[PDB]
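Raw contents of protein.pdb, PDB, C-alpha atoms:
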MODEL        1
ATOM      1  CA  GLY A   1    -197.193  91.016 -60.180  1.00  0.00           C
ATOM      2  CA  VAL A   2    -194.708  92.337 -57.632  1.00  0.00           C
ATOM      3  CA  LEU A   3    -196.376  94.723 -55.186  1.00  0.00           C
ATOM      4  CA  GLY A   4    -199.325  97.100 -55.017  1.00  0.00           C
ATOM      5  CA  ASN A   5    -203.091  96.665 -55.231  1.00  0.00           C
ATOM      6  CA  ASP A   6    -204.373  96.227 -58.785  1.00  0.00           C
ATOM      7  CA  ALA A   7    -203.716  93.042 -60.758  1.00  0.00           C
ATOM      8  CA  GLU A   8    -200.973  93.069 -63.393  1.00  0.00           C
ATOM      9  CA  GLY A   9    -202.310  89.761 -64.678  1.00  0.00           C
ATOM     10  CA  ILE A  10    -201.744  87.250 -61.889  1.00  0.00           C
ATOM     11  CA  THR A  11    -204.335  85.931 -59.438  1.00  0.00           C
ATOM     12  CA  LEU A  12    -201.989  86.027 -56.446  1.00  0.00           C
ATOM     13  CA  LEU A  13    -202.566  88.567 -53.672  1.00  0.00           C
ATOM     14  CA  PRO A  14    -199.392  90.665 -54.089  1.00  0.00           C
ATOM     15  CA  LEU A  15    -199.863  92.269 -57.505  1.00  0.00           C
ATOM     16  CA  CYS A  16    -198.613  95.423 -59.225  1.00  0.00           C
ATOM     17  CA  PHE A  17    -200.515  98.685 -58.764  1.00  0.00           C
ATOM     18  CA  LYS A  18    -203.063  99.902 -61.312  1.00  0.00           C
ATOM     19  CA  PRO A  19    -201.106 102.932 -62.594  1.00  0.00           C
ATOM     20  CA  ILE A  20    -197.645 101.535 -61.861  1.00  0.00           C
ATOM     21  CA  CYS A  21    -198.599  98.630 -64.123  1.00  0.00           C
ATOM     22  CA  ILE A  22    -201.147  99.358 -66.851  1.00  0.00           C
ATOM     23  CA  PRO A  23    -202.059  96.776 -69.523  1.00  0.00           C
ATOM     24  CA  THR A  24    -203.301  99.259 -72.123  1.00  0.00           C
ATOM     25  CA  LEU A  25    -199.981 101.056 -71.663  1.00  0.00           C
ATOM     26  CA  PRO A  26    -199.435 104.784 -72.337  1.00  0.00           C
ATOM     27  CA  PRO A  27    -199.940 106.508 -75.716  1.00  0.00           C
ATOM     28  CA  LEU A  28    -197.306 107.088 -78.398  1.00  0.00           C
ATOM     29  CA  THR A  29    -197.176 110.889 -78.398  1.00  0.00           C
ATOM     30  CA  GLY A  30    -194.357 111.446 -75.925  1.00  0.00           C
ATOM     31  CA  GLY A  31    -192.023 109.155 -77.826  1.00  0.00           C
ATOM     32  CA  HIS A  32    -190.834 111.799 -80.277  1.00  0.00           C
ATOM     33  CA  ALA A  33    -188.193 113.696 -78.304  1.00  0.00           C
TER      34      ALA A  33
ENDMDL
END
structure tokens encoding of this file:
Amino acid sequence: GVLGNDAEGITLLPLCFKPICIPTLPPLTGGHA
């Protein structure tokens, strides 16, 4: 909910992008290094 296209969770018009703000979030494989 800041700027983009997709909806980060709010109903307002100006919402965060789909990729820029993903609910499922990324995996936990690149958190080793």
Starting from the shown file, work through the PyMOL selection byres ((chain A and resi 13-15) around 6) and note down what comes out as a PDB file with C-alpha atoms, keeping the file's coordinate frame.
ATOM      1  CA  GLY A   1    -197.193  91.016 -60.180  1.00  0.00           C
ATOM      2  CA  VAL A   2    -194.708  92.337 -57.632  1.00  0.00           C
ATOM      3  CA  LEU A   3    -196.376  94.723 -55.186  1.00  0.00           C
ATOM      4  CA  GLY A   4    -199.325  97.100 -55.017  1.00  0.00           C
ATOM      5  CA  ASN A   5    -203.091  96.665 -55.231  1.00  0.00           C
ATOM      6  CA  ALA A   7    -203.716  93.042 -60.758  1.00  0.00           C
ATOM      7  CA  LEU A  12    -201.989  86.027 -56.446  1.00  0.00           C
ATOM      8  CA  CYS A  16    -198.613  95.423 -59.225  1.00  0.00           C
TER       9      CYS A  16
END
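A straight line drawn from atom CA of residue 19 of chain A to atom CA of residue 6 of chain A is 8.4 Å long.
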**Atomic distance atom CA of residue 21 of chain A - atom CA of residue 9 of chain A, expressed in Å with one decimal** =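 Going from atom CA of residue 21 of chain A over to atom CA of residue 9 of chain A covers 9.6 Å.
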Output, as JSON, the centre and edge lengths in Å (one decimal) of the axis-aligned box that contains all listed atoms of segment 16-23 of chain A with 4 Å of margin on each side.
{"center_x": -200.4, "center_y": 99.2, "center_z": -64.1, "size_x": 13.4, "size_y": 15.5, "size_z": 18.8}
